[PDB]
Amino acid sequence: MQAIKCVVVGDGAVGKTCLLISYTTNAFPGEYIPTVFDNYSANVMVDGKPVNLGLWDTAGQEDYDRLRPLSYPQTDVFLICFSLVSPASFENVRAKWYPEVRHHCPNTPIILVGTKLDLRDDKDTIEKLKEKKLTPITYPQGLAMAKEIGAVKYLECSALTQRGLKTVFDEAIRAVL
Amino acid sequence: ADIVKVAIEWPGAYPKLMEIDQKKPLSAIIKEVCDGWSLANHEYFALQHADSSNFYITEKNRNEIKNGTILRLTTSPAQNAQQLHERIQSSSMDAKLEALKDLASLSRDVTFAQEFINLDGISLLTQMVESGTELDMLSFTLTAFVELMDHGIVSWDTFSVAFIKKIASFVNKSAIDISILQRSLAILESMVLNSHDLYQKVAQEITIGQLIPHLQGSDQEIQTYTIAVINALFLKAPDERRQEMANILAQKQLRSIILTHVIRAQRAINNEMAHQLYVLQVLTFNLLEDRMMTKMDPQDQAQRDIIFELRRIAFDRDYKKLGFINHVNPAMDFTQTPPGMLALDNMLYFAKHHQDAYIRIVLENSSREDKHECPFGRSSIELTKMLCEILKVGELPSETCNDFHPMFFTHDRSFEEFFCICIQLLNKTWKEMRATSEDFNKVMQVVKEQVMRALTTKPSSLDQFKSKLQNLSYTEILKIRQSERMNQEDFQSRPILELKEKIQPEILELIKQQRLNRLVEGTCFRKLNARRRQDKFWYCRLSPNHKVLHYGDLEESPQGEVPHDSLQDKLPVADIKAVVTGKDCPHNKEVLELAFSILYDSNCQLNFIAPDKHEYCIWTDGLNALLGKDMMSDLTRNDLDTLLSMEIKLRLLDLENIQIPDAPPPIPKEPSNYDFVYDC
């Protein structure tokens, strides 16, 4: 059940809160009760890594560039979040949490994810990804990006679907591997 | 309502454009035209064609008038007949020549020829031929004559004996002007056809040695009309004198003459000469019908002596070793007609002219006391009967047939020669059959199926006929014909093709259950860039539920399969968007034909390289199944056809030897009474 120091970095437009809150309440594709104080957590008897994760959520907001820096020095891995309906995510990636990785540790598993994967490509997300005239980023832009600064996997997950979820949680666990 | 647009012309005037109403009489039309042309006496005029041979128009022929035709008003048919009767007898030779030409031109019309025969112009032409001196004029004369008489308004018996002797002199003298001979032969043929007394008068005025040399001419029309006169004298001849006429013709080598100068001549045989050889053939075969229907008198000692001599030539029971059903009185076996006396004529010919074959076939079955002997007598009886049947001995000639057997023209007795040939082939087939006396009739059918399949090849002579018989087998060529008459009628017959489509989809689904099994099993594949111990081969499998996949990996192996599970195992199946092929895989040209990618949730896909075109059919078709699509490969269609072959096979096991109605029979009216007397 071995728990882990899981500090989930990730930018404010991402929303991993609902994400965790819809997986692990273990209810449906969709409806889960979201939460406020959000060090989250989850698990499985996962892989003989029969383990629990303690998701260390600081504020996802920027007033923590110490308090979040007070969440780094020894976190096993880091959940490092971006999204797809807004390329600023596909950029902050080598740009913000990645330095912040460079910044606290050059040793641990460090990875990436574009949220809004399920949202990248609506005619309306297509639509106001063209109105802003940037890209419903190609995951290919990913496979470069993640060849680039250090996403040891690279993933996506959505709690509306409650999906990509374990997928995400996959090596978010087996980083041990 | 019934209108035809026509232009009417006149020498020296402009054409009048008339919308002729077909209900108005012709006289009113001609009157309108003459009034438009200021011509008095409209009743002196009629209407004719300005085009080709310009038949005069009557209330009957005016219906054949098409729109836009050019027509010429002219003298009435009566006026034309009058001016022609005047001018064809003119003392001016040029006027008489032009008159005879125009008359031979216009005599093909029945409406003018009516007026011309009604004035005894037939007698004018008759006198012109009978007493004309230094006789072009005669050619048009006789052409007009035949065109006039071809319309049946007066009888041919009106011709005087002087004209008959004159045309018989023209056909009977040394070769004269070609056209005169053609017209004289035509007149002779027609007068023989229409009158018996005229045939009597003609037969005494012409000889065989006169009708024969006209076949020596290089003009094929001379030949056609000559053999036409021949067949006319033959059809009109008495039955008793017909055989004598045939003997007189054969004595002058008529058969070999036609062989050397017609069927082997330089000029190809036309339709009419084929008809004439056909009628000569059917009559020469008819010459045997009299002996076909005459029964033997078993009390006639000479007729029994013929049987005794035919036995003596062979043997040197009392008749059981010769093959007659009646062992003590074989004459009874001849009282049935057909064939009766023809059988005896044929077998006596086979003994006198083909003694070797006769003694062979009789001594090969005269000492056989097993049930395998071939009775020669009964076989010859039934064989003359069946050859009279297949040839249709005793049939009258008709106008619709042009066929002949050229073989008969190579031998004077080719009938009895062919008899000997077919009895030889009969005993040959009998020995090949291992047949018995009980299987007699069957054997005959085979021999029939033999002979009827040889004459269709049109053998030029009797030896080619024998070679064809040597080629025929039992019932091997008939078995090939039976197997071929089904492959064509399977698809080219709507009554057979109709069930080819009702079950056809269910036949494909019958295949598709096998394809679903082939989907559940799962086969090997090929990974791209799978070098350096990466698993090139990799097998597959799928759950029974058709909603989750299960596949693994393999290696290059000398022995075979190693079903080791991979992490790439469960891909639920209801998610498969579509399966693409060829270039649409996102990543040696032959593997690209074997390359095909499963396409599902937008960017999650998998590429494949099937182990063969077999599995390339299997996988893509089972994936069309997992999404319900029709099968795309032509090997699946080959399985479809291999199935529907047996599936219509089971059905033809119900409709054998029954004519397949390609035009569907109609549904009759319903039974108004629904009171079933027998219950359900």
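Values for this structure:
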{"quantity": "Lone qualifier among B:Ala78, B:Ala46, B:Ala7 - being in contact with a helix residue (DSSP H, G or I) (Cβ under 8 Å, 6 or more places away or on another chain), surrounded by 14 or more Cβ atoms within 10 Å (Cβ to Cβ), part of a strand (DSSP E or B) and not polar (S, T, N, Q)", "calculated": "B:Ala46"}
{"quantity": "Residue match in the stretch B:608-616 (condition: buried (at least 19 other Cβ atoms within 10 Å of the Cβ), part of a loop (DSSP other than H, G, I, E, B) and away from chain A (no Cβ under 14 Å))", "calculated": "yes"}
{"quantity": "Test: residue in the stretch A:73-83 that is touching a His at 6+ places or on another chain (Cβ under 7 Å) and of a type outside the set (A, V, I, L, M, F, W, C)", "calculated": "yes"}
{"quantity": "Residue ranges of helices (runs of 4 or more DSSP H) in the stretch B:190-301 with at least 1 members small (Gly, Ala, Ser)", "calculated": "B:196-203, B:208-211, B:220-235, B:239-251, B:254-258, B:271-286"}
{"quantity": "Hey, A:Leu112 aliphatic (A, V, I, L, M) and within 14 Å of another protein chain (Cβ to nearest Cβ) or not", "calculated": "no"}
{"quantity": "Residue in the stretch B:302-313 that is buried (at least 17 other Cβ atoms within 10 Å of the Cβ) and in the same structural domain as B:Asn172 (by TED's automatic domain parsing) present", "calculated": "no"}
{"quantity": "Residues located in the stretch B:491-533, provided they are assigned to a loop (DSSP other than H, G, I, E, B) and within 22 Å of B:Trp619 (Cβ to Cβ)", "calculated": "B:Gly522, B:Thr523, B:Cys524, B:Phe525, B:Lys527, B:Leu528, B:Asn529, B:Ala530"}
{"quantity": "Some residue of the stretch B:384-395 being surrounded by fewer than 19 Cβ atoms within 10 Å (Cβ to Cβ) and of a type in the set (S, T, N, Q)", "calculated": "no"}
{"quantity": "Leading residue by the ranking (farthest from B:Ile65 (Cα to Cα)) among those in the stretch B:18-43 that are assigned to a loop (DSSP other than H, G, I, E, B) and touching a strand residue (DSSP E or B) at 6+ places or on another chain (Cβ under 8 Å)", "calculated": "B:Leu39"}
{"quantity": "Condition met for B:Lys629 (farther than 23 Å from B:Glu521 by Cβ and more than 14 Å from chain A (Cβ to nearest Cβ))", "calculated": "no"}
{"quantity": "Scope the stretch A:137-167; condition among the aliphatic types (A, V, I, L, M) and more than 13 Å from chain B (Cβ to nearest Cβ); matching residues", "calculated": "A:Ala144, A:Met145, A:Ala146, A:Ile149, A:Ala151, A:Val152, A:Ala159, A:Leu160, A:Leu165"}
{"quantity": "Filter result (of a type in the set (A, V, I, L, M), more than 60 Å from the chain's Cα centre (by Cα) and surrounded by 16 or more Cβ atoms within 10 Å (Cβ to Cβ)) within the stretch B:531-581", "calculated": "B:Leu542, B:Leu549, B:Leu554, B:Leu571, B:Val573, B:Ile576"}
{"quantity": "Only listed residue being surrounded by 13 or more Cβ atoms within 10 Å (Cβ to Cβ) and either basic (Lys, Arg) or touching a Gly at 6+ places or on another chain (Cβ under 9 Å) (or both), chosen from B:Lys458, B:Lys442", "calculated": "B:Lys458"}
{"quantity": "Verdict on B:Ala162 being assigned to a helix (DSSP H, G or I) and either on the phi > 0 side of the Ramachandran plot or loosely packed, with under 14 Cβ neighbours inside 10 Å (or both)", "calculated": "yes"}
{"quantity": "Of residues in the stretch B:354-381 being farther than 25 Å from B:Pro338 by Cβ and hydrophobic (A, V, I, L, M, F, W, C), the one surrounded by the most Cβ atoms within 10 Å (Cβ to Cβ)", "calculated": "B:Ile359"}
{"quantity": "Residue check for B:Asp290: over 30 Å from B:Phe234 (Cβ atoms) and among the acidic types (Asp, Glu)", "calculated": "no"}
{"quantity": "Selection status of B:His327, surrounded by fewer than 20 Cβ atoms within 10 Å (Cβ to Cβ), assigned by TED's automatic domain parsing to the domain that holds B:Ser437 and more than 22 Å from B:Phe415 (Cα to Cα)", "calculated": "yes"}
{"quantity": "Check on A:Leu134, in contact with a helix residue (DSSP H, G or I) (Cβ under 7 Å, 6 or more places away or on another chain), more than 14 Å from chain B (Cβ to nearest Cβ) and closer than 25 Å to B:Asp601 by Cα", "calculated": "no"}
{"quantity": "Output for the stretch B:569-606, where each listed residue is part of a strand (DSSP E or B), more than 16 Å from B:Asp621 (Cα to Cα) and away from chain A (no Cβ under 14 Å)", "calculated": "B:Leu606"}
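A quick yes/no check of all residues on (1) more than 23 Å from B:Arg413 (Cα to Cα); (2) touching a helix residue (DSSP H, G or I) at 6+ places or on another chain (Cβ under 6 Å):
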site	(1), (2)
B:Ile306	no, no
B:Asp316	yes, no
B:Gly323	yes, yes
B:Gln336	yes, no
B:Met347	no, yes
B:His354	no, yes
B:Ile361	no, yes
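Here's the yes/no breakdown for (1) of a type in the set (A, V, I, L, M, F, W, C); (2) over 18 Å from B:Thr294 (Cβ atoms); (3) not assigned by TED's automatic domain parsing to the domain that holds B:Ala274:
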| position | (1), (2), (3) |
| --- | --- |
| B:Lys320 | no, yes, yes |
| B:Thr335 | no, no, yes |
| B:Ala351 | yes, yes, yes |
| B:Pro375 | no, yes, yes |
| B:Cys388 | yes, no, yes |
| B:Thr410 | no, yes, yes |
| B:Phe419 | yes, no, yes |
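So that you can scan it fast, the table gives a plain yes or no per residue for (1) in contact with a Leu (Cβ under 6 Å, 6 or more places away or on another chain); (2) surrounded by 18 or more Cβ atoms within 10 Å (Cβ to Cβ):
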{"residue": "B:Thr226", "(1), (2)": "yes, yes"}
{"residue": "B:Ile257", "(1), (2)": "no, no"}
{"residue": "B:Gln276", "(1), (2)": "no, yes"}
{"residue": "B:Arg291", "(1), (2)": "yes, yes"}
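Here the Cβ is made from the backbone with ideal geometry for all residues, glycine too, and neighbour counts use every protein chain on show. The values are calculated or read from the model by the stated rules, or taken from the named source; no laboratory instrument gave them.
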